[PDB]
Amino acid sequence: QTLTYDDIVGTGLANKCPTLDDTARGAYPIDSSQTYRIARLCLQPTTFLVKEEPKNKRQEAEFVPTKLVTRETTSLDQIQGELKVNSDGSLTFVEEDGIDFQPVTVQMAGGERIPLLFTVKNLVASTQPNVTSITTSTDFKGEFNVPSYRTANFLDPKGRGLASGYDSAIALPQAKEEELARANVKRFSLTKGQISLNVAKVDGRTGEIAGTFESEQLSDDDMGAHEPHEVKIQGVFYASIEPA
Amino acid sequence: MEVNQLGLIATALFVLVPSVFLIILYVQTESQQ
Amino acid sequence: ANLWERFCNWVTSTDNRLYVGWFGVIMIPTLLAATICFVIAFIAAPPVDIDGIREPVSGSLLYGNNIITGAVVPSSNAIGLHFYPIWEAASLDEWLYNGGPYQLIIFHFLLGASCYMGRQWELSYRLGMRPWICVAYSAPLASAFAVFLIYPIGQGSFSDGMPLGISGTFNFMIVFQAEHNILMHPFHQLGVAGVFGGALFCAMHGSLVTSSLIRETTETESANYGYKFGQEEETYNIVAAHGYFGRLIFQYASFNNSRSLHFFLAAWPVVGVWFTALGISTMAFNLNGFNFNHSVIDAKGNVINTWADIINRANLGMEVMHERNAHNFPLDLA
Amino acid sequence: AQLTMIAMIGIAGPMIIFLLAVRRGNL
Amino acid sequence: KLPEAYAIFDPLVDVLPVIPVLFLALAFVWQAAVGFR
Amino acid sequence: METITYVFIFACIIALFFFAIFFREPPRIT
Amino acid sequence: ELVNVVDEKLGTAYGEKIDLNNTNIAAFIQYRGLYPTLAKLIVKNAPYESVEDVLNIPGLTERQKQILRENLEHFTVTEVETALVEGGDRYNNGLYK
Amino acid sequence: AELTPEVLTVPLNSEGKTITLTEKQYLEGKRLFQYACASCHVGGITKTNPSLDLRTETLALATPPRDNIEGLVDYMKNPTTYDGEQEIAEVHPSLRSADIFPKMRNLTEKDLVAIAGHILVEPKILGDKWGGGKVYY
Amino acid sequence: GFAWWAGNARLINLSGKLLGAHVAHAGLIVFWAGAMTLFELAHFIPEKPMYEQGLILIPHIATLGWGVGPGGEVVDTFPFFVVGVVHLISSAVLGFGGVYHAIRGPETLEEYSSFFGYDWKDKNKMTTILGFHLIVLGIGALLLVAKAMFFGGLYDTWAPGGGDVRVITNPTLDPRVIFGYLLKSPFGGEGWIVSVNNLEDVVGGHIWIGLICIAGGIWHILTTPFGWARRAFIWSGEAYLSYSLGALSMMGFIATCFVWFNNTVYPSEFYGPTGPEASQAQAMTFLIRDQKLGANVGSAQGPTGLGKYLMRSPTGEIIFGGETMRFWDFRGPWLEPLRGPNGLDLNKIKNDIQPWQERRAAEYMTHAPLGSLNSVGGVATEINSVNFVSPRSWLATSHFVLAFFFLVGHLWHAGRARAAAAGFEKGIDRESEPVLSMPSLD
Ligand SMILES: CCCCCCCCCCCCCCCCCC(=O)OC[C@H](CO[C@@H]1O[C@H](CO[C@H]2O[C@H](CO)[C@H](O)[C@H](O)[C@H]2O)[C@H](O)[C@H](O)[C@H]1O)OC(=O)CCCCCCCCCCCCCCCCC
Ligand code: CLA
Ligand code: CLA
Ligand code: CLA
Ligand code: CLA
Ligand code: CLA
Ligand code: HEC
Ligand SMILES: CC1=C(/C=C/C(C)=C/C=C/C(C)=C/C=C/C=C(C)/C=C/C=C(C)/C=C/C2=C(C)CCCC2(C)C)C(C)(C)CCC1
Ligand SMILES: CC1=C(/C=C/C(C)=C/C=C/C(C)=C/C=C/C=C(C)/C=C/C=C(C)/C=C/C2=C(C)CCCC2(C)C)C(C)(C)CCC1
Ligand SMILES: CC1=C(/C=C/C(C)=C/C=C/C(C)=C/C=C/C=C(C)/C=C/C=C(C)/C=C/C2=C(C)CCCC2(C)C)C(C)(C)CCC1
Ligand code: OEY
Ligand SMILES: [Cl-]
Ligand SMILES: [Cl-]
Ligand SMILES: [Fe+2]
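Following this line, the structure appears as structure tokens:
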């Protein structure tokens with residue numbers, strides 16, 4: 003059975019991606035001729051890991067765990083896009099559209115808030131060659147775009163912005179402006195992230211797949227005010243495949 | 001925060017000096033009776 | 011000698027230094043809960059995302075605030091009117107980011123103050139008093155209900171209730187003026203009449219009684235030692251006060267009856283504050299102050315501005331600036 | 020005119036007091 | 010608008026809802042007439 | 001240092017309330 | 008070394024013509040017969056390397072092409088500015104009235 | 001200053017002709033504009049789509065030109081998008097859509113001329129305030 | 032004992048003049064209901080929504096199924112005329128009775144008849160009059176049921192095809208549903224009984240209420256109060272007044288929130304959109320407009336980083352963005368067709384928004400319940416032109432104000448009742464001041 007809105011509302015289930023049965027160890031075969039889309043792609047994070055900074059030389063900092071403070075507002079869903087077959091048997095998913103970002107802030111020990119734009123925007127992801135069947139060993143690896151957490155109209159607390167706002171620290175009329183450059187000049191970062199998607203379940207009949215995902219991206223830089231942190235997201239996904 | 005350094009002593013004396021004045025007056029009142 | 015009757019006897023006892031009573035049985039715990047949470051949060055709570063846009067606002071002394079700028083910050087707009095007790099949060103960290111202390115403090119407080127009002131009725135009955143001091147207090151209680159509960163109900167969110175802070179109070183009243191024009195609303199004007207008028211009559215009545223004290227002391231001593239707590243005779247000459255004040259205005263503008271005088275002193279500010287409380291409460295449902303924007307036009311149709319239009323320019327400046335990152339659409343409908 | 024009818028209506032009440040007091044009844 | 014057959018009573022009906030207010034006023038005429046006994 | 005000052009003054013006011021209520025000049029009839 | 012990239016862009020053709028790669032869609036109301044239909048097409052099929060590329064949008068009727076020709080000289084192209092085109096800002100840049 | 005025949009003289013068509021309204025027609029039109037249009041169009045803006053306003057310069061760049069009595073009367077009958085490419089009677093009030101916008105039912109032809117005349121006259125009186133929005137209040 | 036300004040307190044123990052005061056005052060009520068309907072109908076233009084016309088009574092009659100057809104279009108005004116005339120006429124009969132009993136009738140009833148006479152301290156007689164009135168109210172509630180099931184139905188804003196008058200054949204009887212509402216949190220997304228959102232539950236709850244009221248009426252005719260109740264209460268006329276002032280205050284507060292939030296038994300077709308509805312409508316309006324221009328509304332990141340048009344509630348449901356994130360608990364007939372199980376459905380948004388929903392969204396965003404005391408519609412900074420204040424604000428504000436004064440009246444009369452019952456309502460007996468006989472506190 004599939005539920006109605008009034009069954010789900012306020013449960014938190016709306017933030018959970020669909021699960022496949024543990025019986026679902028199939029294979030979805032790929033007619034290299036035919037074309038396919040991804041009708042629905044759903045990414046549910048379960049774990050937010052943030053890289054520490056180790057003070058001194060190549061002491062190689064670790065990824066430490068964090069507390070989510072923004073509640074059940076994290077999943078990406080309704081993502082759709084071309085699933086292509088390439089010359090060499092590889093499959094490539096090209097994202098077209100969807101609810102493909104969520105702001106998240108997590109809290110590290112000591113209380114520091116780390117906000118991030120958890121996203122797969124412009125995801126291009128590709129299997130190995132000679133797939134011919136999607137199976138419980140298929141791996142998609144891809145990269146995507148991570149635009150600035152805030153967009154250009156964002157005004158900081160003293161009225162400063164990029165596409166709007168003051169261009170100076172108006173409360174300090176005759177302060178020397180060079181110390182303030184990084185806070186006064188907002189810039190808009192656009193970085194790249196990486197995702198692996200590991201299929202662990204397949205319903206051959208329906209064309210649904212599910213499994214596990216790890217992605218790496220940068221946290222918010224507050225329009226260039228401070229340097230970002232590297233974030234690692236772990237979680238589970240769900241897609242359904244359709245002939246084109 | 002980059003607060004005024006003399007705020008502290010300004011505050012301490014603003015409390016201390018008038019309060020002490022009242023305490024002197026009260027204690028020597030109580031020991032008349 | 012029955013155990014419960016003994017407890018009922020201590021609860022309602024008039025020999026306790028502070029009266030407890032049945033209302034006090036709710037009041038005490040609820041006010042301690044609200045107070046202790048408020049003090050802890052005012053000192054040490056981390057920034058709160060009041061407008062639900064992941065733009066946290068620092069309210070507490072440890073996070074860079076002073077006494078004037080500090081606040082316990084209202085709960086997140088993402089929550090709206092939803093109930094956010096601690097146990098509905100995944101973690102205290104979550105609850106703190108999202109503004110949970112504000113809900114704990116204001117609901118315990120409103121409960122406890124409501125019982126404070128009941129307690130006033132109740133001790134009056136145990137002492138054989140007339141009962142209506144609590145009707146007087148219902149004017150400030152209603153005013154607290156308006157800014158902490160009624161206005162958030164009408165607007166759809168505790169994020170638009172009054173912050174528990176000094177500068178937060180000012181933010182509240184500025185944004186209220188832009189969205190409602192409380193100044194042009196008659197119920198606020200009676201509030202001002204209630205509060206100006208009460209300060210006036212406070213000063214008059216205090217000056218008139220002091221003017222007419224009966225000489226009972228020397229120049230070396232406080233006149234106040236001429237009243238002895240519980241003396242039967244009045245300590246001033248109300249006929250001398252009436253004779254003074256009647257001549258300053260004219261006879262029949264001055265009270266000769268002390269009971270009418272003191273009732274009048276009770277009624278004036280209580281009623282004006284009832285109205286101002288009802289003004290907040292009705293602007294909660296957007297029945298706003300008078301709008302005379304462009305009401306005077308010349309014979310061609312030119313707008314001829316009035317002071318009301320200058321007010322509107324100011325109101326516009328507050329409107330376009332407040333919650334500057336929170337609006338995506340042209341109308342700020344709540 | 021609506022000013023006509025609310026005059027005949029508004030005069031009714033006071034007329035009742037007037038008639039009763041110049042006939043000296045239970046007021 | 011009222012049914013055509015009652016159109017004649019339009020201006021009476023525009024004044025009717027204020028009549029309960031007038032009963033409040035009336036209690037004060039009465040009490041001035043008896044000296045606020 | 002500013003935080004400690006604010007909390008110190010606040011705490012002195014609470015102490016003062018305690019003394020003003022429980023260690024007041026008892027009011028005595030005449 | 009820190010510049011505001013939206014202010015820099017105002018010092019290019021962007022600050023005097025409708026820029027096919029960056030300008031928000033409301034600006035196409037400025038000239039006749041361009042909004043909403045062609046403006047929708049133009050924004051969807053950006054970016055462009057020269058102004059004249061607009062005419063190779065598949066689907067144009069010959070009247071649509073004519074309208075574009077009458078307005079080629081109000082158009083410019085400049086490098087896509089990420090800040091002007093992320094967030095869907097070419098369709099709604101937060102400015103109303 | 002006053003409401004003179006110059007003010008009240010607006011274009012009838014795109015050919016060049018003019019009609020001169022009366023004070024009666026103008027006040028008529030203002031009144032019907034409040035009845036039928038100001039809920040969205042107060043002050044010459046458009047609440048539900050602020051990129052399109054009732055400023056004369058905007059109407060003159062509409063396809064079918066709408067900066068004349070005829071353009072406007074026509075629009076109130078068979079509205080189009082700004083480029084004239086699609087009819088929009090299903091989501092904009094007009095006589096063609098008077099089943100679904102009942103307020104248009106009792107509008108006579110002369111009511112349309114008054115409304116259209118108010119629209120063209122008002123910007124001559126208030127200038128930038130017509131269609132400028134809150135910046136000019 | 033009482034002054035002219037407390038003059039009605041002189042009726043406390045005059046059951047005959049007090050019957051007249053009550054009946055004459057019930058006449059004023061019926062009179063107002065009558066005149067006001069006729070005043071509204073005299074002013075009513077059917078081609079204008081009711082809520083552009085300052086109508087508060089006609090929408091109550093329409094909601095009961097009279098005068099209207101599909102979509103709330105008014106189709107026949109004669110039931111509105113009838114309701115006003117009948118009320119109007121019936122007030123003369125109450126007014127006649129009222130001034131008869133206040134002026135000429137027996138000043139006290141008890142001498143004339145032991146049935147109609149009462150003494151406030153007679154606990155059996157008082158519970159018996161309460162019994163009778165409980166039954167009357169039970170009947171009143173069932174009249175609503177009878178209309179809904181046997182005399183035309185009621186208007187149903189939720190009926191498919193724009194809303195319509197619909198007869199109710201399967202009222203909800205399940206006590207879990209009906210009493211479930213009584214147990215729902217009053218807080219957001221919950222709504223206590225203000226969340227009732229279908230006519231089946233409305234009609235079912237009224238069957239229950241009528242039975243419970245009739246059974247209680249009968250219970251209170253046949254019983255006298257138990258000793259725990261006898262010792263718990265004050266038994267005096269002023270004390271009964273105070274209890275009822277408490278109850279009407281409570282009910283006034285409830286009605287305030289009902290007309291502010293509920294759009295089932297206050298259809299927005301008639302009353303205008305609720306505050307939340309109009310706010311949701313604006314987000315819908317600009318989602319529709321921007322998507323028509325090519326915007327991908329699901330993927331548009333807004334300035335803060337939340338979705339410009341669409342984001343997630345705190346429990347995950349896809350909802351409208353911007354400040355209206357506070358209003359995501361709103362449910363309405365023009366918007367539910369876009370809801371799937373996870374909240375608003377992006378494929379329904381991209382493909383299946385109809386024109387009627389575009390019109391309704393635009394209509395409601397431009398008729399939000401904001402306006403001035405002098406009926407200038409909209410936000411406080413808008414210029415004169417649109418003469419509109421939502422009936423929902425007029426009814427919400429008016430009943431807030433009345434509810435608050437009745438709570439004050441509750442406190443007034445309850446404390447006085449208590450003090451009068453123990454005998455110190457007139458002040459402190461100098462010769463026996465209770466404080467002077469207590470030990471001092473310190
Ligand atoms: C004057 C006359 C009247 C006399 C009145 C009586 C006088 C006595 C007055 C009492 C004064 C009490 C002061 C209250 C302090 C509240 C502390 C708090 O809440 O502190 C709670 C702490 C805080 O927990 C930690 O809280 C942290 C919060 O951190 C935050 O705070 C940090 C600073 O600490 C940093 O800022 C950090 O960055 C920031 O996020 C993290 O979230 C941790 O994960 C989380 O574990 O938790 C703990 O373990 C708490 C233990 C409970 C664990 C839950 C188990 C369930 C037991 C429930 C017990 C209910 C009590 C019984 C009731 C009655 C019984 C009969
Ligand atoms: C069902 C409702 C109800 C009932 C039956 C009573 C009944 C009574 N009250 Mg209570 N009362 C109520 C509600 C009610 N009250 C409410 C809601 C409040 C709070 C506002 C009070 C507060 C109150 C006080 C303070 C007192 C009473 C008293 C009394 C007694 C005498 C009252 C009298 O003679 O009035 C006479 C009527 C007047 C003097 C006129 C009142 C004028 C009002 C305030 C103006 C309102 C005008 C309106 C807003 C709009 C005007 C428009 C304009 C065009 C005219 C009587 C037993 C008295 C008492 O204790 O007796 C035991 C008393 O002292 N009442
Ligand atoms: C709904 C409002 C209301 C009602 C129903 C009443 C009713 C009553 N009052 Mg209260 N009262 C009110 C408001 C009200 N009062 C207010 C606002 C005040 C403050 C001024 C008072 C002050 C007051 C005092 C000071 C006293 C009363 C008393 C009384 C009772 C006797 C009156 C009497 O002797 O008539 C004498 C008056 C007349 C003979 C004048 C004629 C008035 C008639 C009834 C007007 C009817 C006109 C109408 C259009 C006719 C329709 C007829 C048609 C239907 C057939 C009566 C039951 C008295 C009482 O308790 O007696 C013991 C008393 O002492 N009242
Ligand atoms: C709740 C209101 C109420 C109450 C408690 C009373 C009580 C009383 N009245 Mg009053 N009276 C009332 C309303 C009320 N009356 C009204 C509304 C009118 C004007 C129509 C009168 C006119 C009136 C007069 C002229 C006289 C009384 C008399 C009496 C006494 C004897 C009644 C009796 O046995 O008659 C017999 C009872 C009946 C024949 C009852 C028949 C059924 C009734 C009429 C219909 C009930 C249906 C329903 C509940 C309500 C109407 C439907 C409507 C809502 C659509 C008694 C104290 C007499 C008295 O005391 O004088 C010394 C007297 O002469 N009454
Ligand atoms: C107008 C309505 C009305 C009124 C005034 C009364 C009045 C009275 N009833 Mg009756 N009663 C009624 C309707 C009414 N009843 C109906 C319809 C029924 C049928 C169910 C009953 C059944 C009934 C019984 C069976 C008994 C009474 C008794 C009594 C007396 C004591 C009341 C008491 O202590 O309760 C005060 C209330 C409490 C002590 C308990 C509080 C319980 C509530 C539910 C708490 C919730 C409050 C909450 C904040 C509000 C939200 C509601 C929530 C459920 C969602 C008093 C005379 C008693 C008596 O002496 O009978 C002879 C008694 O034993 N009544
Ligand atoms: C100034 C005086 C005043 C005025 C003019 C109003 C006016 C109004 N009130 Mg308010 N009210 C007031 C004072 C006032 N109130 C006070 C002092 C309180 C207490 C604080 C309230 C508490 C209150 C509540 C709790 C509610 C109202 C509501 C309303 C509205 C509807 C009234 C209604 O339908 O009653 C109902 C009518 C009756 C009870 C009379 C009997 C009706 C019978 C049973 C109907 C039978 C119909 C049936 C279907 C017929 C079918 C028969 C079939 C077989 C043919 C109306 C605009 C309602 C509203 O809209 O709120 C937003 C509402 O819910 N009022
Ligand atoms: C009362 C009868 C009127 C009149 C005379 C006009 N309107 Fe509207 N309007 C609305 C919207 C959303 C648009 C944009 C349509 C589009 O192109 O997508 C318009 C547009 C107009 C115009 C054209 C203006 C231009 O610059 O070209 C004109 C002349 C016009 N309208 C006149 C919205 C609304 C409403 C929202 C419910 C209402 C009501 C009206 N309009 C009413 C009227
Ligand atoms: C429906 C109808 C009807 C009915 C009606 C009626 C019922 C009426 C009545 C009415 C009335 C019921 C009236 C009354 C009035 C009154 C008034 C007019 C008042 C006045 C007042 C004054 C003015 C006051 C003053 C004063 C004084 C005296 C003292 C103190 C001070 C003062 C100043 C306040 C008829 C028959 C028509 C028929 C048709 C329809
Ligand atoms: C007691 C008293 C009082 C009060 C009183 C009362 C409250 C009254 C009542 C009365 C009443 C309550 C009245 C009413 C009346 C009514 C009438 C008399 C009716 C009639 C009507 C008619 C005539 C109608 C007709 C018509 C029709 C049918 C149709 C439509 C149109 C018309 C409307 C025309 C006072 C306080 C003052 C004083 C003291 C004592
Ligand atoms: C119709 C309807 C419905 C239903 C409902 C119902 C069924 C209801 C119920 C109701 C109820 C069933 C109610 C209850 C109430 C109760 C109360 C309100 C109580 C009160 C109490 C009190 C007030 C008390 C007091 C006291 C105390 C506490 C102590 C001792 C003393 C005294 C007694 C004083 C529904 C919603 C479904 C739907 C819609 C419609
Ligand atoms: O006024 Mn303006 O309106 Ca009531 O919401 Mn919309 O903005 Mn925001 O959050 Mn607090 O404040
Ligand atoms: Cl702000
Ligand atoms: Cl918004
Ligand atoms: Fe005094």
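Protein chains in written order, with the entry's author numbering: chain O, 3 to 246; chain M, 1 to 33; chain A, 11 to 344; chain Y, 20 to 46; chain K, 10 to 46; chain T, 1 to 30; chain U, 8 to 104; chain V, 1 to 137; chain C, 32 to 473.
Where a beta carbon is used, it is the ideal one built from N, C-alpha and C, also for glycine.
(1) Where do the N-terminal and C-terminal ends of the alpha helix (DSSP H) with residue 388 of chain C fall, by residue?
(2) Measure from the C-beta of residue 15 of chain M to each C-beta in chain T and report whether the shortest distance is under 9 angstroms.
(3) Who sits around ligand 6, taking every residue whose Cβ is closer than 5 angstroms to one of its heavy atoms?
(4) Taking only the alpha-carbon atoms, compute the straight-line gap between residue 65 of chain C and residue 117 of chain C and give it to the nearest angstrom.
(5) Does any CB atom of chain K fall closer than 9 angstroms to the CB of residue 29 of chain Y?
(6) Any idea what DSSP makes of residue 80 of chain V, helix, strand or coil?
(7) Indicate whether residue 169 of chain O and residue 191 of chain O have their beta-carbon atoms separated by less than 9 angstroms.
(8) From the DSSP output, which residues share a beta bridge with residue 143 of chain O?
(9) Per DSSP, residue 348 of chain A forms a beta bridge with which residues?
(10) Looking only at its chain, what residues have a beta carbon closer than 8 angstroms to the beta carbon of residue 239 of chain O, apart from the 5 residues adjacent to it on each side?
(11) Quickly, what does DSSP pair residue 84 of chain O with across the bridge? List them, please.
(12) Could you tell me the alpha carbon to alpha carbon distance between residue 296 of chain C and residue 94 of chain C, rounded to whole angstroms?
So, to answer that:
(1) Within the ninth sequence, the letter at position 357 stands for residue 388 of chain C. Per DSSP, residue 388 of chain C belongs to the alpha helix (DSSP H) from 386-396.
(2) In the second sequence, counting from the first residue as 1, residue 15 of chain M sits at position 15. Chain T contact via Cβ: present.
(3) C/87, C/171, C/174, C/175, C/177, C/178, C/182, C/279, C/282, C/283, C/286, C/290, C/426, C/433, C/434, C/437
(4) Working through the ninth sequence from its first residue, we reach residue 65 of chain C at position 34. Working through the ninth sequence from its first residue, we reach residue 117 of chain C at position 86. Distance between the alpha carbons of residue 65 of chain C and residue 117 of chain C is about 7 angstroms.
(5) If you number the fourth sequence from 1, residue 29 of chain Y lands on position 10. Residue 29 of chain Y counts as touching chain K.
(6) Numbered from its first residue, the eighth sequence carries residue 80 of chain V at position 80. Strand, per DSSP.
(7) By one-based count along the first sequence, residue 169 of chain O stands at place 167. By one-based count along the first sequence, residue 191 of chain O stands at place 189. Result no, Cβ atoms of residue 169 of chain O and residue 191 of chain O do not sit closer than 9 angstroms.
(8) Taking the first residue of the first sequence as 1, we reach residue 143 of chain O at position 141. In the DSSP output, where bridge partners are listed per residue, residue 143 of chain O has O/128, O/198.
(9) No statement about residue 348 of chain A is possible, as the shown extent of chain A runs from 11 to 344 and does not include it.
(10) Your numbering for residue 239 of chain O matches position 237 in the first sequence. Answer for residue 239 of chain O: 19, 43, 44, 45, 46, 199, 212, 213, 214, 215, listed in chain order.
(11) Translated into positions along the first sequence, residue 84 of chain O becomes position 82. Beta-bridge pairing links residue 84 of chain O to O/39, O/96.
(12) To locate residue 296 of chain C, count along the ninth sequence from 1; it is residue 265. To locate residue 94 of chain C, count along the ninth sequence from 1; it is residue 63. In a straight line, the C-alpha of residue 296 of chain C is about 7 angstroms away from that of residue 94 of chain C.
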